[PDB]
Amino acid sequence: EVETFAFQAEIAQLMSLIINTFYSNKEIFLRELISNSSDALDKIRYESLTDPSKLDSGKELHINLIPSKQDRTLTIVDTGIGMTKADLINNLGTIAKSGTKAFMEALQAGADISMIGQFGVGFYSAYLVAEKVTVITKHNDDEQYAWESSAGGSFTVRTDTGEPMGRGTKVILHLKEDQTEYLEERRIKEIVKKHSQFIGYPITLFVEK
């Protein structure tokens, strides 16, 4: 049961800009995804202060970075709050619309693509390095879903039947052929140290077998 949805025009336009503009500082994508994971961990942590049963789906709050040369993927996993089906279909796009317009309005005013996270739409920087992004997510009181898009103006949502996650989000970046440097341990360590050194949750960089 795979449902296909159209992005709103403004988000499709942003995704095309990210894919089409010449911009060499592509490494910013990782800081943006780690920042989103940190925000999601903050949210479940806060909610658990008034309802401790929200951690029944997992007490550990952490971020894992997992490279796979065999699959040509870099995966960012967190045990944060996760996303509901309504988030995937509607709420993400609703929240992003204003920031996308504002980001587009900073760019021609002279701003740089690296400021994308200040407009709340840093996730889409994943398309600087990925030809396709698959997102597996599980929110308390909702099912585990898989969202996917190769930026054709459309994305898909389906119920996920893979390894149950407990709670959180996995962003799976299917890297472009010429962006495999982001599978290298030395490269990922360099990027995390430079842009993500003061995140308040443990970040584990897995090593490839």
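Residue numbers here begin at 1 and follow the sequence given.
Engineer: Please work out which of 22-30 and 36-44 has the higher mean CA B-factor as recorded in the PDB entry.
Structural biologist: Per the PDB entry, the higher value belongs to 22-30.
Engineer: Determine, for stretches 5-13 and 196-204, which one has the higher mean CA B-factor as deposited.
Structural biologist: So the stretch with the higher mean C-alpha B-factor is 196-204.
Engineer: Hey, out of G153, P52, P67, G168, whose CA B-factor is highest in the deposited coordinates?
Structural biologist: That would be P52, according to the entry.
Engineer: Among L128, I76, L92, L107, where is the Cα temperature factor highest, going by the PDB entry?
Structural biologist: Answer for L128, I76, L92, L107: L107, with the highest C-alpha B-factor.
Engineer: Compare the C-alpha B factor of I81 with those of the other modelled residues in its chain, then answer lowest, middle or highest third.
Structural biologist: Answer is lowest: the recorded C-alpha B-factor places it there.
Engineer: Could you tell me which third, lowest, middle or highest, the C-alpha B-factor of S149 occupies within its chain?
Structural biologist: As the PDB entry reports it, the C-alpha B-factor of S149 lands in the lowest third of its chain.
Engineer: Can you tell me whether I116 has a C-alpha B-factor in the lowest, middle or highest third compared with the other modelled residues of the same chain?
Structural biologist: Its C-alpha B-factor belongs to the middle third of this chain's values.
Engineer: Would you please rank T134 by its C-alpha temperature factor against the other modelled residues of its chain and give the third it falls in: lowest, middle or highest?
Structural biologist: Ranked within chain, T134 CA B lands in the lowest tercile.
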